[PDB]
Amino acid sequence: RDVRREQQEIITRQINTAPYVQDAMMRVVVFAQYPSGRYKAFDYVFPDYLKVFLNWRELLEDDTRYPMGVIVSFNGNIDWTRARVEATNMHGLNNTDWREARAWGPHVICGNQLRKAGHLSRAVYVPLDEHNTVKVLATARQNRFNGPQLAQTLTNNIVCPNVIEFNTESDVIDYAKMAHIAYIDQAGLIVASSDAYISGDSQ
Amino acid sequence: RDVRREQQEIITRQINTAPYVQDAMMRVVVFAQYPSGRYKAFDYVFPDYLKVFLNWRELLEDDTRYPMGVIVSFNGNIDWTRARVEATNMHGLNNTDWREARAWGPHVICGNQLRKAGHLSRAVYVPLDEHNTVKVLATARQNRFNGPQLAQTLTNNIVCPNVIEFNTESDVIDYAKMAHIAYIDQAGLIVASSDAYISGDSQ
Amino acid sequence: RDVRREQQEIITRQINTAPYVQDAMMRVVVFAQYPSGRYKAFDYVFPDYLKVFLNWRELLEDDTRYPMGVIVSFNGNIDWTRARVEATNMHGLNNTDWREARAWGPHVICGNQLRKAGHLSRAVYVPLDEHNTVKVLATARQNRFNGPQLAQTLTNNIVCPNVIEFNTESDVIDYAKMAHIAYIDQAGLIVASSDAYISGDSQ
């Protein structure tokens, strides 16, 4: 008899399920934390796959200009068995001698290193030293990579990056909440998530 | 008996047909019109496919700094049934809530919204509001996306972008004419085209 | 009986062979030589393929600001029958009229124009005039482009570019030596290589 409630339930379910449709968007954000207490976010929206290399220059606030670390926030129907992050050297290498470097290092960040922030989101904190660059891979969960489809996947995958500066963690946090993306605050708490709740945190 | 004329005819036909060869170049230009009367062109040449995201910063003249709109000029052997443009928000999303956004919106600009500017060219005017970004997709008309070929298509597709500033529409127009690309002037007229004519506009 | 020597031999062989493993890194560097005697290097590390377009702006030192030419240094398990360089115009075209331009020009730089600098490295010097841009293609030697694999190749290919300024050729040379990449000095000599020697140049 409560169709108003049922409709609101389906709307909530729709929001939570819409990201699993084949042409849905995914969202990966790299939050960089600076000694000054400021943050910079590298915010990517994309439908199929995301390959990211952040060089040392882009990572500078613009070394107390260099981030103490990053929070990497993965959101959407992402293949969690392949999602990964690694901190490479200033050349983007995972071995100082390129001749023994590889696409990914033997200790790449993946698996349970990515903390669950809801069904749609995972987040990981990665400390950085002044000589680090950052690599991230995120792919849509299967298969759009197979056969004929790959061509449509390649041509339709327009990655839309934005860089956003925040004066304080409060701005970062409110941003994550209104953007519906995972974020871990300075105390280690999951303070934002992609998951829609019909009542919010009412328990 | 007029082989001089016949040769000139074949040269004209060669120019008009050369873009249909499998490794020919295509050219897509995004002309941004500013309140000041100045323009900025994002000029891309590419052989296989073009995926473009123009963020709000790139769109600024450098808000009366923000474009009133863009003319998107598509040129070459482009798949016209898939060529498309859309104006997304500042994040590159076609829904404010990313969880319900998709690679393309339900109202994407395509079909007869692209005005014929000759056999080789189509052009469309898209008005913009201060919070808009621009996405463009253009692919070569079929199949180089199929099977073994896809690899060569991926590896050979080097997109060559140039940004060009113009003080006035006259400079924009003369540029389009000498570049052989479609352009629509402020009065709505097609003033440039990719099509070569043996006598010019002699009728 | 000299296992210390044998171990060092295998280490040397390992260094020389490691680049031929399927997920090994490759390294392509474009060294730009300026009239001032300064250089700028565009240094790319990547595991599968590299498509590069350097526009006229990026080529400026920042016209005596424009390079006299570039040394292109290719390093790794690169498909040498497809490695190529070409100098295009300011639009990235190999014909002034785009309608008759192609992905590559009829005179592209390849084959024995690339000088052998060891088994792992080739290098070529390309003179430039003020109106030139630079294109480079390098692909991993086969097949990771075939069938199912192509998807992993596409998603794993994160190109990591760095731009590096050098005050003098000496800095360029020491860089190449410590980076283990091919470089040709001002006198035409191969002064750096990717090849590891157990004794260095002891002959």
# chains A, B, ... in the order shown; residues from 1 in each chain; ligands from 1
$ residues_around --residues "residue 77 in chain A" --least-positions-apart "4" --cutoff "10 Å" --atoms "only C-alpha atoms" --output "tab-separated table (two decimals) with C-alpha atoms, in the first residue's frame"
chain	number	residue	atom	x	y	z
A	17	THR	CA	22.56	-0.51	-9.89
A	18	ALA	CA	22.84	1.98	-12.74
A	19	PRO	CA	26.66	1.88	-12.55
A	20	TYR	CA	26.58	-1.83	-13.54
A	21	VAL	CA	25.05	-1.16	-16.96
A	22	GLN	CA	27.52	-1.70	-19.81
A	24	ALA	CA	27.85	3.34	-17.24
A	25	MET	CA	30.52	5.71	-15.99
A	26	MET	CA	33.18	4.84	-13.46
A	27	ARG	CA	34.99	7.36	-11.31
A	47	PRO	CA	33.21	4.35	-19.13
A	48	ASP	CA	35.63	1.47	-19.85
A	119	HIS	CA	29.68	-2.28	-2.80
A	120	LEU	CA	30.51	0.37	-5.41
A	121	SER	CA	33.72	1.73	-3.87
A	138	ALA	CA	41.05	0.51	-13.39
A	139	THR	CA	38.98	-1.53	-15.83
A	140	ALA	CA	35.25	-2.23	-16.16
A	141	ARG	CA	34.18	-5.56	-14.70
A	142	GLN	CA	33.51	-8.12	-17.46
$ interface_residues --of "chain B" --to "chain C" --cutoff "10 Å" --atoms "only C-alpha atoms" --output "PyMOL selection string"
chain B and resi 14-27+43-48+75-76+120+147-152+154-163+178-181+194-196
$ atom_distance --atom1 "CA of residue 108 in chain C" --atom2 "CA of residue 87 in chain C"
8.3 Å
$ atom_distance --atom1 "CA of residue 33 in chain A" --atom2 "CA of residue 112 in chain A"
22.4 Å
$ residues_around --residues "range 125-131 of chain C" --least-positions-apart "2" --cutoff "6 Å" --atoms "only C-alpha atoms" --output "PyMOL selection string"
chain C and resi 68-71+89-90
$ select_by_dssp --residues "range 15-202 of chain B" --states "helix (DSSP H, G or I)" --output "NGL selection string"
:B and (15-20 or 56-59 or 98-100 or 111-113 or 149-156 or 169-179)
$ atom_distance --atom1 "CA of residue 113 in chain B" --atom2 "CA of residue 198 in chain B"
29.3 Å
$ select_by_dssp --residues "range 88-188 of chain C" --states "strand (DSSP E)" --output "ChimeraX atom specification"
/C:88,115-116,121-127,133-139,160-166,183-184
